[PDB]
Every structure is written in structure tokens, then in C-alpha cells.
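Here is how the chains run, residue by residue.
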Amino acid sequence: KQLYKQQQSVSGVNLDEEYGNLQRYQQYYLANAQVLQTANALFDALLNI
Amino acid sequence: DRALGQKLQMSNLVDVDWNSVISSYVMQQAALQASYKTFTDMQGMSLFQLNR
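Residues numbered from 1 in each chain as written, not as in the entry; some residues may be left out. Chains lettered and ligands numbered in written order. Part of a larger assembly, values for the part shown. Heavy atoms only, no water.

Visitor: So, the overall build of chain A: which residues are in play, and what are the values?
Guide: Scanning chain A for helices and strands turns up two helices and zero strands. Looking at chain A as shown, the accessible area adds up to about 4800 Å², and 61% of this sits on carbon and sulfur atoms. (Helix = DSSP H or I, 4+ residues; strand = E, 2+ residues; numbered from the N terminus. Areas by Shrake-Rupley, 256 points an atom, 1.4 Å probe, with all protein chains shown as cover.)

Next up, the structure:
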């Protein structure tokens, strides 16, 4: 039991940081999304001419 | 008289000592309910706290 507990610490899974990371990467995703929005706006400003 | 002594010695070898057993019985009862409370409550709060 003791060695199994030790091992699980490394290779185990725990939900808390998992869902925290879900939030985190979703935020990263949205960041890149608005980057794309800016990429649109600049090109449109070109097209106006 | 020898027989009485013998069954006394038998008893010695096998004791209810009612009082010790039931005192530790109550102790273990409290410990049991405590451990179960620990499981339920802690597990519980953490679930819906983390899911949210």
C-alpha cells in the first residue's frame, strides 16, 4: 500500500489542477482568437484604399 | 473446592471483563462514526467545489 501510494503521486490523476488547467488553456485559446480578430482588422484597413 | 478453583482458573483464561470491552466498544463506536463523517463530508464538499 505504501509503495503504491508513493507511485500514484507521480503517475496518478487528480481532478483539481486538471480543471484549473482546462480554464487556463481555454483562456490561451481565446487570446489567440482575438489575435486573429486583430489580424482581420489590419488587413481591412489596408483594403479601404 | 478444587473444582471451584479450577473453573476460576478457566475463567481467568477467558474473560468478558464486561466493563473493559464495552468501554472500548463505545470508544470504537465514536471512532467509526467519526471516520465515516470524514469520508462523506470531505469528499463531498471537494467534489462540487472542484467541479465548479
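Now that the structure is up, let's keep going.
Visitor: Can you explain the overall build of chain B? Please cite residues and give values.
Guide: Along the backbone of chain B there are two helices and zero strands. Across the 52 residues of chain B, 0% fall into the buried class. Roughly 4900 Å² of accessible area belongs to chain B as shown, and the carbon and sulfur atoms make up 64% of that amount. Measuring between centres, the 4 positive side-chain charges of chain B sit 9 Å from its 4 negative side-chain charges. (Buried < 20%, exposed > 50% of the residue type's maximum accessible area, 1.4 Å probe, protein only. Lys, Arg positive; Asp, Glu negative; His and termini not counted. Charge placed at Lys NZ, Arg CZ, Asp CG, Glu CD.)

Visitor: Tell me about the pattern of salt bridges, and name the residues and values.
Guide: All names here are of chain B. What the rule picks out here adds up to one salt bridge over all chains. Among the salt bridges present, the one from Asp41 reaches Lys37, with a minimum N-O distance of 3.1 Å. Pair noted here: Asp41 and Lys37 are both in helix α2 (residues 18–51), with a separation of four residues, about one helical turn. Judged by its relative accessible area of 47%, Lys37 is partly exposed. (Salt bridge = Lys/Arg side-chain N within 4 Å of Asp/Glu carboxyl O.)

Visitor: Describe in detail the packing of aromatic side chains, supporting the description with residues and values.
Guide: Under the criterion given, the structure shown has two aromatic pairs over all chains. Centroid distance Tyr25 of chain A to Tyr28 of chain A: 5.5 Å. Interplanar angle 70°. Geometry classified as edge-to-face. Of this pair, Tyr25 of chain A and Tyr28 of chain A both sit in helix α2 (residues 15–47), three residues apart, which is roughly one turn of that helix. The ring of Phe48 of chain B carries the charged tip of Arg52 of chain B above its face, separated from the ring centre by 4.0 Å. (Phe/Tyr/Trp six-rings, centres within 6.5 Å; stacked < 30°, edge-to-face > 60°. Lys NZ or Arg CZ within 6 Å of the ring centre and 35° of its normal.)

Visitor: Could you give an account of the environment of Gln43 of chain B, naming the residues involved and the relevant values?
Guide: All names here are of chain B. Looking at the secondary structure, you find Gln43 in helix α2. Given a relative accessible area of 40%, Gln43 falls into the partly exposed group. Between the alpha carbons of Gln43 and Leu4 there is a distance of 57 Å; along the sequence they are 39 residues apart.

Visitor: Break down the layout of surface pockets for me, with residues and values.
Guide: Size it by volume and the largest pocket reaches roughly 170 Å³. For the lining of the largest pocket, the secondary-structure elements that each account for two or more residues are α2 of chain A together with α2 of chain B. Its residues assigned to classes, the lining of the largest pocket shows five nonpolar, three polar and two charged. (1 Å grid on protein atoms, 1.4 Å probe; cavity = no way out; pocket = protein on both sides within 12 Å on 5 of 7 lines; lining within 4 Å. Points joined across faces, edges and corners; volume = space filled by probe spheres on them. Nonpolar A, V, L, I, M, F, W, Y, C, P; charged D, E, K, R; others polar.)

Visitor: Before we move on, can you summarise a nonpolar patch on the surface with the specific residues and values?
Guide: Side chains of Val16, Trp18, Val21, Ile22, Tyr25 and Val26 of chain B sit close together on the surface and give an oily, nonpolar patch of about 640 Å² of accessible area. Structurally, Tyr25 of chain B is set in helix α2. (Patch = residues over 30% accessible without salt bridge, like charges linked within 9 Å, V, L, I, M, F, W, Y side chains within 5 Å.)

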